[PDB]
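**Student:** Chains as they are written, first to last, in the working numbering: chain A, 341 to 446; chain B, 28 to 456; chain C, 28 to 456; chain D, 142 to 567; chain E, 142 to 567. We put the beta carbon where it would ideally sit given N, CA and C, even for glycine.
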Amino acid sequence: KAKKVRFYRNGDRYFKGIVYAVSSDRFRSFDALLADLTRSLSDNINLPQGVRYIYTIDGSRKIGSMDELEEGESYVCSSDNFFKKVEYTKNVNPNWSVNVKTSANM
Amino acid sequence: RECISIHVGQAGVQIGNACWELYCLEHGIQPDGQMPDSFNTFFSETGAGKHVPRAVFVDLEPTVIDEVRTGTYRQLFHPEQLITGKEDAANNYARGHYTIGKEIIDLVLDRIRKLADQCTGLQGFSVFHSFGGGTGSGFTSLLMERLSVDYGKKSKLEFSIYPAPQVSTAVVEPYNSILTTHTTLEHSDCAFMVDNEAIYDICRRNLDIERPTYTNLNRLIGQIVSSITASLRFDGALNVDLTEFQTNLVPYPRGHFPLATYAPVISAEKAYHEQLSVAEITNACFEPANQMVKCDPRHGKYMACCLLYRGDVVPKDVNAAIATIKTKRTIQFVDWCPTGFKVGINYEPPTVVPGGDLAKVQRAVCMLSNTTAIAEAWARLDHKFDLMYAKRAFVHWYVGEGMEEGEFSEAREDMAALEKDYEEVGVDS
Amino acid sequence: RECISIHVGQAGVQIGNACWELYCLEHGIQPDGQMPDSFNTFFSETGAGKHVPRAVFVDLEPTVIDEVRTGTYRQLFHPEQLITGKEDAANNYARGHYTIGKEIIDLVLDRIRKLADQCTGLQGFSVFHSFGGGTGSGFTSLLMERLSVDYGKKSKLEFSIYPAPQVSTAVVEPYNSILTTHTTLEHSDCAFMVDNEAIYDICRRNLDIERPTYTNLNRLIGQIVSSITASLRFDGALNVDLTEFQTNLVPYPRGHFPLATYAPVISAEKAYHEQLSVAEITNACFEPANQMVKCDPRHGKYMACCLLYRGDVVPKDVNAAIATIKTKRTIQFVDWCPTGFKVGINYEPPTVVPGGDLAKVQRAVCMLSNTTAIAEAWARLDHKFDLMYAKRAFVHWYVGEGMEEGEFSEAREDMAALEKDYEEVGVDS
Amino acid sequence: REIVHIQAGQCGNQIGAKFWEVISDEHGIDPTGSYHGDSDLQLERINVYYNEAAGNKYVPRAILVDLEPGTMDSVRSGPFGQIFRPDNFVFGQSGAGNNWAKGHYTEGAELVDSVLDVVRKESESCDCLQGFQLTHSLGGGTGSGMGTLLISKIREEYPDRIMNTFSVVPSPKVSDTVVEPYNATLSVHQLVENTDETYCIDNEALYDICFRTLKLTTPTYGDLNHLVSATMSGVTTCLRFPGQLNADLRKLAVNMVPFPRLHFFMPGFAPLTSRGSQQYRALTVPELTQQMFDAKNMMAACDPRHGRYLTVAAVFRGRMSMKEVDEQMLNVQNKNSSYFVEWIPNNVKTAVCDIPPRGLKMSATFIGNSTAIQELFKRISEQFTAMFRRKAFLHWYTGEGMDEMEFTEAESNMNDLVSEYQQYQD
Amino acid sequence: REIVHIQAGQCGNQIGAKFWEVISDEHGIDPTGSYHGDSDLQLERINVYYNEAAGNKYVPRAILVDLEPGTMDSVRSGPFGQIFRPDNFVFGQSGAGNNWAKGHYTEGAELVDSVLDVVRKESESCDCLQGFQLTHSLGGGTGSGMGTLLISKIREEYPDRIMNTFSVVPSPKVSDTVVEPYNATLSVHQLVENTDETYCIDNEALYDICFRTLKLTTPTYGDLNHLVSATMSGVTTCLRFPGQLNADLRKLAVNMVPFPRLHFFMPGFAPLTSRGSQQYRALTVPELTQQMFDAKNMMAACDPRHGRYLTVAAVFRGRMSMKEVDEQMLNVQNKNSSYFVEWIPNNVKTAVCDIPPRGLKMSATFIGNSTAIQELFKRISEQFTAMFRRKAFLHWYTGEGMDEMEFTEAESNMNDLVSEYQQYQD
Ligand SMILES: Nc1nc2c(ncn2[C@@H]2O[C@H](COP(=O)(O)OP(=O)(O)OP(=O)(O)O)[C@@H](O)[C@H]2O)c(=O)[nH]1
Ligand SMILES: Nc1nc2c(ncn2[C@@H]2O[C@H](COP(=O)(O)OP(=O)(O)OP(=O)(O)O)[C@@H](O)[C@H]2O)c(=O)[nH]1
Ligand SMILES: Nc1nc2c(ncn2[C@@H]2O[C@H](COP(=O)(O)OP(=O)(O)O)[C@@H](O)[C@H]2O)c(=O)[nH]1
Ligand SMILES: Nc1nc2c(ncn2[C@@H]2O[C@H](COP(=O)(O)OP(=O)(O)O)[C@@H](O)[C@H]2O)c(=O)[nH]1
């Protein structure tokens with residue numbers, strides 16, 4: 341299959357990111373993913389040119405290959421980017437990937 | 028001296044508009060309020076040239092109270108006295124009593140405390156509700172509730188329209204009526220009852236018309252009721268105060284529910300036929316096909332009747348027509364009761380709608396009474412309840428409205444001892 | 028005998044134009060000044076045809092006083108008596124009191140010394156200002172200031188429109204009102220208070236209209252005020268002089284601030300409904316929803332009320348309607364005060380605008396009083412202040428206008444002992 | 142009170158045009174015109190569906206959600222099409238692919254926020270909100286997927302206001318699509334767990350009822366739609382009229398849903414007679430109950446006669462005797478004691494408006510909650526498995542970011558939903 | 142009271158033409174004509190911007206400063222161009238080089254005295270002076286340099302009268318120049334220390350707000366300018382009109398500046414609806430606050446939602462209820478308690494004129510002092526360093542008699558200015 345990821349914009353602490361799917365059939369490379377990410381995360385406050393690179397959740401290293409994208413992952417969009425680093429995102433549930441939680445019988 | 032009235036629930040309001048109509052109609056007060064004490068126990072002389080009503084109107088949907096402020100009579104009440112909760116009605120007790128209905132109550136009360144003050148030594152509040160409704164069952168439940176505490180020192184006669192024996196409407200009806208009974212029981216003085224279906228029979232069998240609009244049943248109760256307050260609070264040869272009722276009418280604290288009955292129900296077009304005798308109408312009163320209640324005296328021993336007469340009636344005629352009855356035996360009265368016949372004589376004959384379908388005689392008998400008969404009516408209505416509760420049916424609709432397995436189960440047990448009560452006070456010697 | 032009036036601040040001027048309107052309206056003196064002593068305590072019979080006002084108008088922007096000299100009434104005042112400082116208003120105390128406002132004061136005074144001379148044994152100056160403004164807070168502050176010294180031997184009743192509890196306008200408002208209070212406190216005799224917001228409620232709840240133009244609130248105070256001076260300085264069955272007030276109304280030197288209240292507020296269109304009883308209006312006076320002040324008697328014990336009645340009123344009706352009240356207890360009056368009810372009876376009934384929205388009854392009750400209630404209103408307004416001062420907020424706007432950390436901090440401490448004062452004189456026995 | 146219609150997908154949209162075509166006339170609102178209302182009563186309660194701006198322009202308060210321009214651009218370029226404020230059009234020029242997954246997870250999920258935005262602008266309109274009307278088809282993308290999302294979001298934003306759902310469940314005999322059971326099973330799933338009143342209509346239950354109960358020989362879609370829209374008008378709008386005994390969405394809800402599933406109903410109109418001839422006027426009343434309660438005449442596919450009822454709501458709207466109404470209902474309840482479930486002494490919920498359908502003398506909408514609809518979700522559920530088993534056109538879903546456990550989920554859920562419903566038929 | 146506009150540079154100038162294009166009509170002053178004023182109120186306060194000479198010739202009391210003839214010779218050769226008394230044109234036929242240094246130290250410094258000369262002739266006009274309006278762009282010579290000097294001199298001559306500054310801070314996405322951050326950082330520096338009210342506008346915040354909030358497809362400059370000029374009219378001129386609750390530059394200043402920096406605001410107009418259609422009239426009032434307080438619609442680049450506010454001034458101008466005004470403001474202050482700073486119980490400064498924008502029913506200028514503008518000086522300041530580090534086009538400055546410590550100065554200063562502003566966001 342593809343890979344489910346939660347894409348946040350560096351320096352936002354408000355927007356809970358947007359969830360994207362990534363595979364070899366959808367995007368031939370990171371530049372093609374980044375091209376669609378520029379459209380879906382298109383902004384002019386947190387992202388200078390919309391989306392030029394993807395950084396780890398902590399911003400320690402930027403991804404250059406689709407093979408580094410894992411399922412249920414969290415990534416950051418950058419263009420410099422200078423890092424605050426802005427974490428933020430929190431908080432949200434990991435239910436975007438899957439609902440870990442379920443209902444219970446309360 | 029007076030008796031305020033709180034018409035609650037669309038129905039209690041439709042019936043209200045009706046009973047309220049018959050009123051001015053026999054008091055020469057056009058819909059404009061103006062006529063060209065006596066009856067002051069139901070109308071305040073705001074000045075002035077007018078006759079502002081002496082009651083209030085409570086519905087959670089505007090629709091029905093709205094129509095009042097469209098059709099002549101629009102001029103009759105004060106823009107204020109017609110309370111509404113734009114919100115939602117909900118054919119469910121809970122919501123109307125607890126959750127929603129609550130919000131309005133204060134305001135509601137305020138009027139029955141603002142209208143209760145303005146007067147001069149009142150006697151009570153004639154309440155008008157429709158047992159099996161949302162705004163009618165629930166709400167009132169706490170309205171009468173909040174009254175029994177704020178004016179325990181008065182009369183609380185609630186005039187109800189309890190559930191048609193087979194022709195009910197709401198799917199839940201019983202839920203709403205086993206709940207308005209248990210909550211009001213420990214608060215009312217005397218609860219009058221008029222069965223919606225058993226009134227149709229009268230419209231089919233004693234007036235002939237398969238075209239009975241709600242607007243008719245209302246004209247009817249609108250009649251029987253006129254015999255209660257209106258004329259009674261009106262001078263006569265044998266006056267009967269409101270207190271009088273509950274005293275001469277309830278043998279026991281249970282807000283006992285007598286039944287309303289009228290004598291002369293005969294259709295216009297018959298209007299010319301030679302009138303009926305004092306004896307006939309009297310006798311018509313002991314016929315289980317003329318009592319605005321599907322509680323046919325299937326066994327229910329009367330235990331007290333308040334024969335309110337109006338029009339040209341000779342006290343001997345009565346103190347004879349009744350004597351004849353007291354000795355028909357097939358009319359078996361309770362044991363512990365020697366004589367249970369409160370003879371109420373008024374002067375002014377009835378007053379029929381100009382051109383509805385009511386005969387228009389020169390004398391009538393609005394006899395009401397407590398009959399061990401309702402042992403039935405309650406039974407048959409209680410059973411209903413169980414069937415559904417037995418499966419919780421529409422229970423989630425109340426729970427989610429601030430109620431609990433308690434209020435139901437514990438209001439069921441309530442009436443249970445109302446099936447035993449109405450059984451013990453009779454059938455035994 | 029008379030009582031000059033100084034309407035300060037656009038508002039105090041708008042309200043002024045209003046109160047000034049109601050006047051001639053009930054004295055038959057067209058806007059042309061001409062009518063076809065009694066009321067001489069507010070109007071001087073200048074020339075041999077007219078009735079030049081008996082007050083003055085002070086605003087630092089022309090806009091508002093300008094409009095007076097456009098719209099009929101244009102003819103009413105003397106071109107002179109309407110003072111202006113083409114300069115700048117500034118919604119800041121400092122500037123209006125010190126810096127700018129100063130320049131005009133002399134001139135201002137001159138009129139209240141030129142108009143104060145022309146008369147015959149006066150009684151005082153009814154001042155009209157809007158607590159939280161620039162020209163209204165500041166200026167007056169020193170106007171009343173310069174009066175308390177030039178005529179310490181008179182009455183200084185200032186009629187204020189203190190800060191809406193939640194619906195204020197100016198961003199600084201409190202700065203301007205904690206400052207007009209501390210500077211005027213040691214100079215006024217009795218400060219009447221009418222809350223702008225709490226008057227809206229009356230326009231929503233007791234008159235129905237979500238379209239209340241400032242021009243209305245003005246018609247209202249324009250009413251309550253007419254009950255103070257106008258009619259009172261006017262003969263009657265129980266006259267009440269201005270001095271009378273402060274005497275029967277202030278228990279302590281703090282220029283104590285009673286609250287204004289009116290009884291009959293009912294909308295035209297209701298105009299026909301049967302009128303209200305002497306008892307009802309009396310009772311309406313003890314309802315925290317009809318008092319032109321968001322100081323609901325949340326606990327504030329009254330300590331003196333001046334029930335000014337006007338119209339057809341029987342002294343017994345009062346010396347009974349009040350008796351009933353004195354024994355409602357839930358209306359708890361101060362301890363150290365046996366009886367605190369100054370019954371002021373006038374003859375001539377009120378006089379409603381030809382076609383505004385005021386009912387027009389034949390009797391009213393403009394009751395004003397000192398209530399330990401304002402312990403609140405002041406509190407809630409003081410707190411405001413701190414929050415901002417706590418950060419200096421718009422402080423640089425005053426400092427740069429001839430003020431200092433002193434005047435603020437030292438006027439805060441001022442009111443502090445006004446929160447303790449209004450606390451000690453009550454709540455304790 | 143109030144409500145805010147929702148035109149999800151093309152169908153749900155196409156129907157919007159018919160639901161509003163009608164309703165307006167049943168409220169005297171011309172294209173952009175105002176209230177020409179033959180009467181004065183068709184106005185005191187309009188609010189339920191419009192908004193005051195100009196003074197002659199009461200604009201329908203609905204939402205038009207769709208990922209295919211051409212559609213809304215056919216509804217907006219025709220008759221009443223120019224009454225909706227453009228703000229209402231929440232389009233998705235994307236590829237409105239016929240995939241539930243393409244309009245619920247990938248394509249629709251984007252256009253959602255720009256919808257909720259408006260669904261809030263309309264909700265926070267004024268007065269008090271009651272619920273939202275939802276039209277769509279469970280056999281496509283913009284319908285089942287994206288519309289089924291619109292609600293899952295709505296029901297998180299106001300778990301107080303109600304949610305009536307008008308679904309065009311996949312007709313049996315012939316499916317107007319191929320994956321149908323895929324787009325369907327997946328949307329019913331979302332329904333059984335968000336909206337709390339669903340009125341399932343079948344394009345072929347209509348044809349029938351429209352070609353034999355209306356000798357109508359060429360029943361165009363416009364018609365079907367028209368007939369449907371006729372029922373949804375009797376339901377809502379209607380009850381927002383006076384009546385000896387009136388109800389409103391809730392009453393309807395609080396009298397019709399014994400158990401929280403949400404349960405789906407099957408609407409039926411009253412006077413359904415062919416034009417000229419048939420105009421028999423046999424509408425005294427026994428004629429309306431005669432109608433409403435027969436098998437044919439149930440917009441649903443299944444036949445009531447094939448399973449008890451839990452609740453019924455004859456929402457009549459035309460001057461009649463609370464006696465000949467309350468009465469009839471009874472015999473009906475006794476002639477068919479067989480199928481009408483017993484643990485409910487009075488299944489029927491008699492409702493009675495006053496003013497009738499503009500040009501008619503007496504009508505009565507029927508909203509049945511029969512256990513018969515078991516035999517439909519069965520159908521759907523079957524079609525699924527028979528094709529799921531081979532993962533038929535599944536790559537169009539997964540390839541759109543879906544899950545092999547997602548389909549499992551829905552079927553089961555909706556499949557269990559069949560189970561339960563039988564728990565009462567017995 | 143009074144004021145004397147100042148058209149520094151081309152931009153500030155180009156805009157002059159639009160600010161006066163408007164204002165005049167909002168005061169019935171035809172080219173050289175007089176007061177044709179539809180009313181009589183658009184005259185009792187004009188003085189604020191004109192002077193009495195003839196009796197039909199009320200001449201705008203502004204200054205036109207620029208080192209590029211062609212410009213002022215385009216503004217003076219077009220429409221209203223022939224209303225300014227020639228004395229107003231303080232040109233500098235020199236080489237109006239795009240260097241902050243060329244218009245602040247070398248070329249402009251000469252033309253200054255011949256300006257101050259007039260700025261005094263106009264100040265000593267009559268009555269009482271309030272302050273001066275200043276238009277320009279912080280991305281050029283005659284704008285940032287020479288105009289930033291004009292004020293440093295003005296503020297030494299009358300440290301009493303106020304100084305509103307309308308700056309066209311360098312738009313992000315794409316700059317209309319190359320050294321931009323040089324000419325900018327250097328002018329903001331001068332601003333943070335002389336003018337005491339600055340309204341920063343962004344050519345691209347406008348486009349947006351002009352291409353999506355006005356379906357306007359070809360937003361020429363004239364437009365942008367026009368929109369801006371619309372706000373500066375609501376501010377000043379407006380308040381110099383009557384009102385239930387009127388304010389004036391100072392109130393605006395004394396209610397909006399908690400701390401002496403001078404702080405910069407972000408103006409926002411009210412009715413900003415596309416021509417035909419949109420003319421929804423949803424302008425009861427909640428609609429104006431709806432507008433004004435949203436992200437988009439803030440002429441600034443940054444988005445309020447990205448940082449608390451210190452002060453706000455809804456300067457409305459159209460008959461409304463001091464209740465529905467004073468009220469709305471509140472909910473607004475509570476729905477967004479999050480961003481609105483707390484140490485100010487009532488951030489908002491409600492202002493209320495009476496007469497509205499000539500052809501409109503109800504409007505309301507918004508002047509926000511939000512901490513969000515931190516994220517702009519950051520921007521600017523960044524661009525500097527990234528290029529300062531390499532002294533990029535620095536030779537064009539130094540070679541004009543500048544200092545390597547001058548640039549250091551400004552950046553730091555303006556850079557610290559970013560710091561401080563955060564001291565409140567927290
Ligand atoms: N006699 C008489 N009975 C009525 C009338 N209107 C309704 N009823 C009966 O009263 C009951 C109906 O109550 P509803 O109208 O449903 O409800 P409500 O009590 O007004 O209050 P809600 O449920 O909250 O709307 C049924 O048993 C009806 O048969 C009327 O005008 N006259
Ligand atoms: N009742 C009433 N209140 C008013 C009226 N005009 C203003 N106010 C209130 O008084 C205060 C306004 O004062 P401003 O008009 O700002 O100022 P001012 O006191 O006239 O003096 P300046 O600040 O120098 O202009 C607010 O609290 C208003 O709500 C009016 O006509 N009637
Ligand atoms: N009654 C009815 N059904 C329709 C209409 N349009 C499409 N349908 C039905 O809807 C199903 C197809 O889904 P469709 O509406 O095209 O999906 P979408 O447009 O991708 O959301 C088929 O079962 C059709 O019979 C219509 O106008 N009326
Ligand atoms: N809104 C707006 N911006 C302008 C106008 N003219 C130039 N600008 C902006 O001003 C900057 C260029 O500075 P410029 O005005 O040429 O400087 P100067 O003429 O040398 O003082 C660019 O960011 C432009 O977008 C205009 O008429 N309106």
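May I ask you to report which of helix, strand or coil DSSP gives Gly286 of chain E?
**Tutor:** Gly286 of chain E: helix per DSSP, three-state reduction.
**Student:** Using DSSP bridges, identify the partner residues of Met220 of chain B.
**Tutor:** Per DSSP, B:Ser187, B:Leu286.
**Student:** What is the DSSP secondary structure of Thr276 of chain E, counted as helix, strand or coil?
**Tutor:** Reduced to three states, the DSSP call for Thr276 of chain E is strand.
**Student:** For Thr354 of chain D, I'd like the list of residues in its chain whose CB is within less than 7 Å of its CB, leaving aside the five on either flank, ordered along the chain.
**Tutor:** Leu413, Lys437, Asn438, listed in sequence order.
**Student:** Using a Cβ cut-off of 7 Å (strictly closer), state whether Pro300 of chain D contacts chain B.
**Tutor:** It does not; no Cβ of chain B falls within 7 Å.
**Student:** Taking the alpha-carbon of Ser175 of chain B as reference, which of B:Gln193, B:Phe360, B:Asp216, B:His105 has the nearest alpha-carbon?
**Tutor:** The shortest Cα separation from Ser175 of chain B among B:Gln193, B:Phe360, B:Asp216, B:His105 belongs to B:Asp216.
**Student:** Nearest to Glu321 of chain E by CA position, among E:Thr336, E:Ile170, E:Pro311, is which residue?
**Tutor:** Checking every option, the nearest Cα to that of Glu321 of chain E belongs to E:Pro311.
**Student:** Measure the CB-CB distance between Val453 of chain D and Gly509 of chain D and report whether it falls below 7 Å.
**Tutor:** Against a cut-off of 7 Å, the Cβ pair of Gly509 of chain D and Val453 of chain D comes out as a contact.
**Student:** Report the three-state DSSP secondary structure of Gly371 of chain C (helix, strand or coil).
**Tutor:** Here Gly371 of chain C sits in strand by DSSP.
**Student:** Between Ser328 of chain D and the rest of its own chain, which residues show a CB-CB distance below 6 Å, the 5 nearest in sequence each way excluded?
**Tutor:** Once the five neighbours on either side are set aside, the close Cβ partners of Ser328 of chain D are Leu279, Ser285, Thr289.
**Student:** Does the beta-carbon of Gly211 of chain D, which I'm using as the reference point, lie nearer than 6 Å to any heavy atom of ligand 3?
**Tutor:** Checking the Cβ of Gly211 of chain D against ligand 3 gives no.
**Student:** Could you give the residue range of the beta strand (DSSP E) that holds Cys332 of chain C?
**Tutor:** Residues 329 to 338.
**Student:** Taking CB distances under 7 Å as the criterion, tell me whether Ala342 of chain A reaches chain D.
**Tutor:** So, interface residue.
**Student:** According to DSSP, is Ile92 of chain C part of a helix, a strand, or is it coil?
**Tutor:** Helix, per DSSP.
**Student:** Locate the alpha helix (DSSP H) running through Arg261 of chain D, then write down its first and last residues.
**Tutor:** Its alpha helix (DSSP H) spans residues 249 to 264.
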